[PDB]
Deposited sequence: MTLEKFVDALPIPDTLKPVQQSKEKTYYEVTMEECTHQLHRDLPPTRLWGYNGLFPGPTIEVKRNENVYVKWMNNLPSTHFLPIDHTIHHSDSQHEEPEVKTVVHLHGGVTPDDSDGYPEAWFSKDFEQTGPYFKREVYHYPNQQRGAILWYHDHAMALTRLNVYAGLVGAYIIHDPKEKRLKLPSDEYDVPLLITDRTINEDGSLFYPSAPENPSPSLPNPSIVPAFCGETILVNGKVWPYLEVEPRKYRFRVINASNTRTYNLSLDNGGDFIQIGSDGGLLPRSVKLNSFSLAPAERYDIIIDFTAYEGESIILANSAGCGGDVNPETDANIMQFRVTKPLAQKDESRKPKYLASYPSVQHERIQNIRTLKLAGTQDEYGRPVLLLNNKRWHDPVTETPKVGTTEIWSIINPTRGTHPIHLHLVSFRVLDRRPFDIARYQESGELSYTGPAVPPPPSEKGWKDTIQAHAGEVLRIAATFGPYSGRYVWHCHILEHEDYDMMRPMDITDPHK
């Protein structure tokens, strides 16, 4: 296996605008086939990257900045990863979803709004080349990634992911670590062949290739490098932790026993910070955290992982994320702060997660037993608030993502799965459990654990139109755990 901690952590450059005035900002981003070395001891890997970079450039914007992005496809006309034609016209389709963006529906990256190279061919919902991000929303860690119909697991795995940070200037009074002490950590597990090429499985009378129900990579990367190290000064740092992996959930900790200070979730700052010894981070979740290296001068500290992916973690491989080396000399005094008080925050629908089987014996994962192409059923009225009760009788956790909105977690409550299985009866085996401090703020991707009913409260706005909701395990999303969502307007 590849030698851990021999490559420095890349920090993606911040994208510079093509045009910026006091009232509009214009970006252009091209998807390019490119080659990048993922580890000291590997030949360069063929990847698909935004602006030919992996991860894509970090986009930084201000709350309410009027932002436009022209996302362009400069990619080959055939894919280099295994395509399964049975889960359903150009072979390569792309569309960019700004995950967590409060976005009008024609700029949200609808799966059927894809386009091929140079917009030559476009899907049925294609409408515009330049996407509009009004950014009228809390400061927060967003990220952007491909969302093309039936291809999302492959296009993201190929490298099409990037960070997107909304800065709210009113938060600058909290004096949280900033500038070079504010670092995104995009975590992606991959399997890499001896020759440096990406491996993605082509099989689980099955079709060949065949989609797989889950992908667990052999190696962990952060910001596009295998098991990297980051030299840090002995002071406070802010890290924007993004799980950009297809399937893998991480459970992070520090091997010197230190704590994290969580300050933010998907939808922005928590109401109050939380000292944590460890945390779970499923696909597309983000943790905004502070690590205080002040008391750890000279130490090497491993960011460790304890969560299995198709088996227990391997102490020599996926038990490891990255290594901090507290050996950078202090440039200036640490003027940053770790406040404990961060922010002040002032119909019912029932949805069933379940899996069936297709004609080939493969599992198909479904929301409410509906296919993607079935007529829409989740149709809340713009401006209305709903409580969604998400019932999970399956064996595993599903990280559920609702587009457009962020939501509040009400509670989780266990139920007997065998009983529910047959009579369809919701017989609770314990009291509801309110969200921990980590989930007392705003979320947009939420772990619905096995054998539990999860309740969330969302207000559906400010925009109306056609959106989606789905599991963010991309191997589930593509087959077929995704549904349209119409926010209706009278």
property	result
Missing segments of the deposited chain sequence, listed N- to C-terminal	1, 90-96, 213-217, 360-367, 512-513
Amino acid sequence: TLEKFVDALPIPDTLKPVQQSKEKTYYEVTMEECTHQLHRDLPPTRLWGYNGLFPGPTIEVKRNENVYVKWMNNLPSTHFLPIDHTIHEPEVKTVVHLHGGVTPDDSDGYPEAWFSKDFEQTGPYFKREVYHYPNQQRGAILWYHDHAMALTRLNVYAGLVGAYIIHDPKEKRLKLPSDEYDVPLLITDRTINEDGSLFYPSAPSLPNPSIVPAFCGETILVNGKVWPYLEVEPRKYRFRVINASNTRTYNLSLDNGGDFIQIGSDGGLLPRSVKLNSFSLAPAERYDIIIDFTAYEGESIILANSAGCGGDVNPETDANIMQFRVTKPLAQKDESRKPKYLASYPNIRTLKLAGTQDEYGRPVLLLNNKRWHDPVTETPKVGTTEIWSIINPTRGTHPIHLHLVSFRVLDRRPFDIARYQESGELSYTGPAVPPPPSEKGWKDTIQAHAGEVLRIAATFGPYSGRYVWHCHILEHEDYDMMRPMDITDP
From here on, numbers count along this sequence of modelled residues.
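Each form is matched to the other, and the largest set of C-alpha atoms that superpose within 1.5 Å is called the rigid core.
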item	value
Rigid core superposition result in 7 other deposited structures of this protein, more deviant of 359-367, 337-345 by Cα	337-345
Divergent stretch in 7 other deposited structures of this protein, 419-427 or 437-445 [C-alpha RMS, superposed by the core]	419-427
Residue stretch of maximal mean CA temperature factor, 172-180 vs 320-328	172-180
Stretch with the greater mean C-alpha B-factor as recorded in the entry, comparing 40-48 against 458-466	458-466
Of the residues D266, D195, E112, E233, the one carrying the largest Cα B-factor as recorded	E233
Selection from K333, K93, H401, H99 [criterion: highest C-alpha temperature factor in the record]	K333
Ranked C-alpha temperature factor of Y428 among modelled chain residues, by third	highest
Ranked C-alpha temperature factor of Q137 among modelled chain residues, by third	middle
Cα B factor band for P315 (lowest, middle or highest third within the chain)	middle
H449 - which third its CA temperature factor falls in, relative to the rest of the chain	middle
Chain thirds of CA B-factor: placement of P104	middle
